[PDB]
Amino acid sequence: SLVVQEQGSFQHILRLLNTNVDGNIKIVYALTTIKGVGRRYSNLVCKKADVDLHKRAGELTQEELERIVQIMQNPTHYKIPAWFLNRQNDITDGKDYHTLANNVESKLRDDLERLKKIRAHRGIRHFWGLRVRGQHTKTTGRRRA
Amino acid sequence: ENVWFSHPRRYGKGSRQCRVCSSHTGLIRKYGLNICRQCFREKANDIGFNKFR
Amino acid sequence: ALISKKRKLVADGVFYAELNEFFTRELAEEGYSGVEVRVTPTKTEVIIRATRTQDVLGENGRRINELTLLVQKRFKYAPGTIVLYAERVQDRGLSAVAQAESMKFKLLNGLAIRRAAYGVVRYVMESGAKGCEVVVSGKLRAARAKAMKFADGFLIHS
Amino acid sequence: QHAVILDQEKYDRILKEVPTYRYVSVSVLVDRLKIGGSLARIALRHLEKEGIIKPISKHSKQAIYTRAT
Amino acid sequence: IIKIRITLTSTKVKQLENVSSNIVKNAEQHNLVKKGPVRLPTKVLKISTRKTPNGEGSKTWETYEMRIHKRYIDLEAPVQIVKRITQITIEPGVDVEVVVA
Amino acid sequence: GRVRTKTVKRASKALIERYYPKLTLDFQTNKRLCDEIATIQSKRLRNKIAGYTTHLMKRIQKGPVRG
Amino acid sequence: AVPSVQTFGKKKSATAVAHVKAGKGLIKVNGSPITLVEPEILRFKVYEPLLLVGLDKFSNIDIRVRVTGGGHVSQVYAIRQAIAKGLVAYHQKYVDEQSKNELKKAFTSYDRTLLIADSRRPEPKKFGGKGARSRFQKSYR
Amino acid sequence: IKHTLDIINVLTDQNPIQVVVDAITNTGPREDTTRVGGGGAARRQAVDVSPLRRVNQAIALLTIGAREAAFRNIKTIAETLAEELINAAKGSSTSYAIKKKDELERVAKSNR
Amino acid sequence: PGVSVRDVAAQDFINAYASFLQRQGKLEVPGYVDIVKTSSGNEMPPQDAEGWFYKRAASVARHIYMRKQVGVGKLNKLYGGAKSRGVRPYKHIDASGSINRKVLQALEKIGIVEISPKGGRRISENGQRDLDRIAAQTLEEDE
RNA sequence: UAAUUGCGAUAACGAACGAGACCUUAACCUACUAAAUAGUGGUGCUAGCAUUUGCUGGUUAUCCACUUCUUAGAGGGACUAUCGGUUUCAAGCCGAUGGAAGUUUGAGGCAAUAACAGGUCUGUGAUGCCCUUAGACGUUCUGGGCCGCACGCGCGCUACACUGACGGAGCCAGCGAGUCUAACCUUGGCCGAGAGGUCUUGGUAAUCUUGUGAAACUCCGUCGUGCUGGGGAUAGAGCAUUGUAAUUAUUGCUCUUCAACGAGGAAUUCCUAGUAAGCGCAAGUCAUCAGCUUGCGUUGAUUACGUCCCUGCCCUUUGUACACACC
Ligand SMILES: [Mg+2]
Ligand SMILES: [Mg+2]
Ligand SMILES: [Mg+2]
Ligand SMILES: [Mg+2]
Ligand SMILES: [Mg+2]
Ligand SMILES: [Mg+2]
Ligand SMILES: [Mg+2]
Ligand SMILES: [Mg+2]
Ligand SMILES: [Mg+2]
Ligand SMILES: [Mg+2]
Ligand SMILES: [Mg+2]
Ligand SMILES: [Mg+2]
Ligand SMILES: [Mg+2]
Ligand SMILES: [Mg+2]
Ligand SMILES: [Mg+2]
Ligand SMILES: [Mg+2]
Ligand SMILES: [Mg+2]
Ligand SMILES: [Mg+2]
Ligand SMILES: [Mg+2]
Ligand SMILES: [Zn+2]
């Protein structure tokens, strides 16, 4: 009974936050293809923004897409719990963030550089490129390429 | 009563030894035996353990 | 007490093994053969079967009551809840632990391996067993070790 | 890459090639006509809602339909 | 006239069996109701360990078993008869415990 | 396979030697006989004795044997 | 009163205790109808006895089965036995020998032994292998 | 298997067990080829097939064909087994079962 | 002529009781129903968001009818599953005790389950009565 | 014949060890003894619906009765029984019937002589000799290391997907373990997304944890041939637990990052039925840590019922320039 009779307003791959978002896949997994955001946070974002879960990403057009993107940038104001974000109790401010498409790589490099500048053993391992978690490199880690 | 002569051994090996040879390796602690496996093999026939199958 | 029957029975087994080790260590000279824990609530009875029970109650029960005090304080019982008894071991010849003790005595004296072992095996066979064998083994004559097996009679193996 | 929405040309197609064959299934729909599976299942739901196909059996992993008569 | 429970256990089946036969015999010449013994599941104490003293050779394992057999009988007897049962019936290895309730 | 050993063969031969009139042609009766006139200590071994004894009884009725 | 018989059915670990009595003619497992057991395709496996002999011979019998142990296939293959042995035991104890016999002929003509249980038992596992016959892979090098 | 035989009924009105029997009959490999020591090129010699081995190899060919033709596809195991059974019932040089039968027969008539 | 939840099928009855609890609505669900995974052994939240809690309520009510008394530990053990630990083998991990107890006390504040001695929760009078009447309508749903 | 297992032959006769016999376990017992620490049925009290008797339940001081299922102890049962073939017509073998069981019924335990210059003095207050024995190679304390990584191998665990992943519901085991002068297995209630925390409770244990409500499966739904919702390595941030102490993350949980892998070359391992394989659970080491082992159960195929071609083994004959013996 859920056949859709729309003709023209469907669209192919689209743009959202510096990422090529696929247009003929489901909305939650297209948000997953956006970097810095996974399946569970995407599903939560769609349900909380009252966006139609059932179908693809051709319609679910602009105004709901900016509802999506603004609850992505400011999650804490709309009863998204503090532990659901990826970076909480931060470096120098203590306020909870969610890093997105470019900021995730920029800030992982930033805190790696922080630990390199404080001259941690973790920094020494990340500098040599070895396994920084406690792992046995005697037998694994071959063919780094 | 002397200080500087002991370190906390209340958990794990060291705190437990074999009651026949004061060994720390290969203890059997099932049913509170507290004996090493080799000694256990020697004294099993006197303890009461008999192999059947 | 309040101990599970599982752990109580296995602790009784460990108790029996410790008595055996104790009485082998000190009771070697008079030919200790085997102990039995005749457990009775309110004064358990510990029967020692040995060869020279005159040489356990030698001087007016002296060493038997100091062994009683030793086992008492070793196993933390109330005084008078355990007493040792002595038995001559009927059929003393047909006791493998007594034969091993006698051969240990002969080898500590300095008897020849062949002579002492033939004496032991012939003594068992004349005492009335159906088979006997002695497997003394080690550095007997030269440096390299050798096993000498003295088997007389009839022995199953399986 | 397949078509996962109906642009009404796939719709009046599947309306006109429902008598063409006999054994209706998800994979039959996918191979005869380029539908990306989920719309084929939705179309099966719509056609069993108004059945010019009739069902033989309706397990989840596979649905077996043939023509109305 | 007190209703008590007597519970015996051992590892040697035959001496446990003739302990229990003695107990049921004595209760039967001094009947209380009939109270035949109730036989519990045998507890198999399983201890598995390696044969080798060192760590060399084929990996062969061994399983020693202890068998715990445990029975109980209910008696509803006066004082001296409860006593005379509990000191007369006694054999090596079999551990017998009496509880008032 | 089911080859019978020297214990059962020797025993059954002795039984059929010195107990021919009493022993019957049936396995059940013959094993009750073996239980009563032999102090055998194994049940399966007793069944083997009786089975081979029955086999020899049938062969004796068929014809004379050398054993 | 209550002319009832108690039978059992075993597979590998499942015990199905069937109470078979003279009543209106109902057949139930775990307090629920046979038409509601959940092995999905083995609904016919349960019906097998009821069906083979014929509904007629059950039109006067109330059977209730209580089931313990073993996985789902073990559960169903045990009901089969109980609703067939309880059947055979009831026709033994109360009705004609020719009737019980011809039921035995039908059961042994079609049988997956039904009335008798399977002697196959899980053999014990041996050291040196994760399975009962299979051993660990050796290397030589 | 129930779904497969349902698909068999939908594709053709005849009995699905008759379809299975016809498929096994038409894909039993009549002539196999065995191994001979044969110092040098280690030879093979054509040998006929006992009827139970015919039936076993027939069922094995059917199921292996269904497996490999529905490993990574939209089509399910029931559909693939049903179409393989249909084409094996009417050998149309399309079943993997009858293709393996045909290559077995041609290699046997070459190696005899 | 004689109706019980044992006499009605499971899936059907569970769908119909979920639909009834949807039509009534007095369940006072917690605010974090969209957040949860229903177990730490899961990785995705439930798909049918509008009725997963009510289906859980239907299943728990049927469970309380079927058994004598169970608790949140028994419910977590039942509704748990296999946890994917990555390259390591699967294990059984218990379900979400918070939503299990929320649905339990929600059924309490309806009046379907209550506190049973020696610990536990057991089926109520009107709870057994309304589960039996909806078992009826699922029996006579036939046209 | 599985078997120097037997029939027999016979300068050998009579014996012995081993094999077998034996012991344990898994199967059968509506035959015995029993049993609120295992159950079942009825009776009372009580709850729903139908009401017309009924169906599903609950109930410890409601009793009564029983042992089919559950436990055991004592026994019985299979000995290849009967029959038909085949064999000097003997040992036996094959087929069928009956039977719970007809591959020494299945599986183990134990298991000879002679050896290896097999391993182990790091299990042993078992040890000879040598070394050391007081700024000791004794012992103890602090901190590291045993994890260190250009690489090469050996056990494995996840997988490379729709016979599937996920999401709901359905819903079933067996082997076992558990606290006393200690703090174990934990039910139940409450807080918490979760891990976990807190207040109590039961259990020294067929009673309580625990019906260990296990997982694979079953059903209905989302996905859709896309390295994709497969796969979850490598990373970053945070929250907890154990511990005196976690930094080279002990582990657990949450979010994010989402790599190789598209079924694997030469080669090579294991396996004949409830076996392989899949699936989890318990125990061991354990304060914490299983991808390991030892057991257990769940689901349960295919293909042989042979041969000596490869790898070897046993016996006999034969050849030998070998005897540390074909390396
Ligand atoms: Mg296995
Ligand atoms: Mg589940
Ligand atoms: Mg897996
Ligand atoms: Mg009642
Ligand atoms: Mg014959
Ligand atoms: Mg054997
Ligand atoms: Mg040594
Ligand atoms: Mg140190
Ligand atoms: Mg190491
Ligand atoms: Mg290995
Ligand atoms: Mg699933
Ligand atoms: Mg159980
Ligand atoms: Mg995944
Ligand atoms: Mg462990
Ligand atoms: Mg560690
Ligand atoms: Mg290890
Ligand atoms: Mg020559
Ligand atoms: Mg020479
Ligand atoms: Mg050479
Ligand atoms: Zn030791």
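What counts, and at which threshold
Residues numbered from 1 in each chain as written, not as in the entry; some residues may be left out. Chains lettered and ligands numbered in written order. Part of a larger assembly, values for the part shown. Heavy atoms only, no water. Residues with missing side-chain atoms left out of burial classes, pairs and counts. Helix = DSSP H or I, 4+ residues; strand = E, 2+ residues; numbered from the N terminus. Expected span 1.5 Å × (residues − 1). Buried < 20%, exposed > 50% of the residue type's maximum accessible area, 1.4 Å probe, protein only. Arc of directions from axis to C-beta. Contact = heavy atoms within 4.5 Å. Salt bridge = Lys/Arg side-chain N within 4 Å of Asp/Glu carboxyl O. Polar contact = N/O pair within 3.5 Å; in protein donor to acceptor, adjacent residues only side chain to side chain. Buried area = accessible area lost by both parts, 1.4 Å probe. Nonpolar A, V, L, I, M, F, W, Y, C, P; charged D, E, K, R; others polar.

- Per the deposition metadata, cryo-EM was the technique used to determine this entry, at a resolution of 3.0 Å.

Regarding helix α3 (residues 62–73) of chain A
All names here are of chain A.
For step 1, the next point in the chain: Across its 12 residues, α3 extends 16 Å between first and last C-alpha, which sits within 8% of the 16 Å expected from 1.5 Å per residue.
For step 2, the next point in the chain: Those residues of α3 not exposed but buried are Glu64, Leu65, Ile68, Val69, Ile71 and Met72. Take α3 and look down its axis: the buried residues cluster within an arc of 165°, on one side only.
For step 3, the next point in the chain: Next to the buried residues of α3 lie β1 (14–15), α1 (27–33) and α2 (39–48).

Focus: unusual backbone geometry
For step 1, the next point in the chain: Of note in this structure, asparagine 60 of chain C is not a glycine but carries a positive phi near 35°.
For step 2, the next point in the chain: For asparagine 60 of chain C, the location among the structural elements is in the loop between β2 (44–50) and α2 (62–75).
For step 3, the next point in the chain: In the Ramachandran plot, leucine 114 of chain G falls in the positive-phi region, its phi being about 40° despite a non-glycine side chain.
For step 4, the next point in the chain: Position of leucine 114 of chain G relative to the elements: it lies in the segment after α3 (97–110).

Re the interface of chain D and chain H
For step 1, the next point in the chain: Contacts between the two partners involve 13 residues from chain D and, on the opposite side, 11 residues from chain H.
For step 2, the next point in the chain: Between the two partners, chain D and chain H, sit 0 salt bridges.
For step 3, the next point in the chain: Linking chain D with chain H are 4 residue pairs in polar contact, by the criterion used here.
For step 4, the next point in the chain: Every element with two or more residues in the side of chain D that touches chain H is listed here: α2 (26–32) and β2 (63–67) of chain D.

Regarding the interface of chain E and chain B
Many descriptions give the size of an interface as the accessible area lost when the pieces come together.
For step 1, the next point in the chain: Contacts between the two partners involve 16 residues from chain E, matched on the other side by 15 residues from chain B.
For step 2, the next point in the chain: Between chain E and chain B, the buried area comes to about 1500 Å², and carbon and sulfur atoms account for 57% of it.
For step 3, the next point in the chain: Among the residues of chain E in contact with chain B, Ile47, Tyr64 and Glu65 of chain E are the three that bury the most area, contributing 44% of the side total.
For step 4, the next point in the chain: At the boundary of chain E with chain B, the tally comes to 0 salt bridges.
For step 5, the next point in the chain: Counting across the interface, chain E meets chain B through 8 residue pairs in polar contact.
For step 6, the next point in the chain: Contributions of two or more residues to the side of chain E that touches chain B are made by β3 (43–50) and β4 (61–77) of chain E.
For step 7, the next point in the chain: Within the side of chain E that touches chain B, the residues separate by chemical class into 5 nonpolar, 4 polar and 7 charged.

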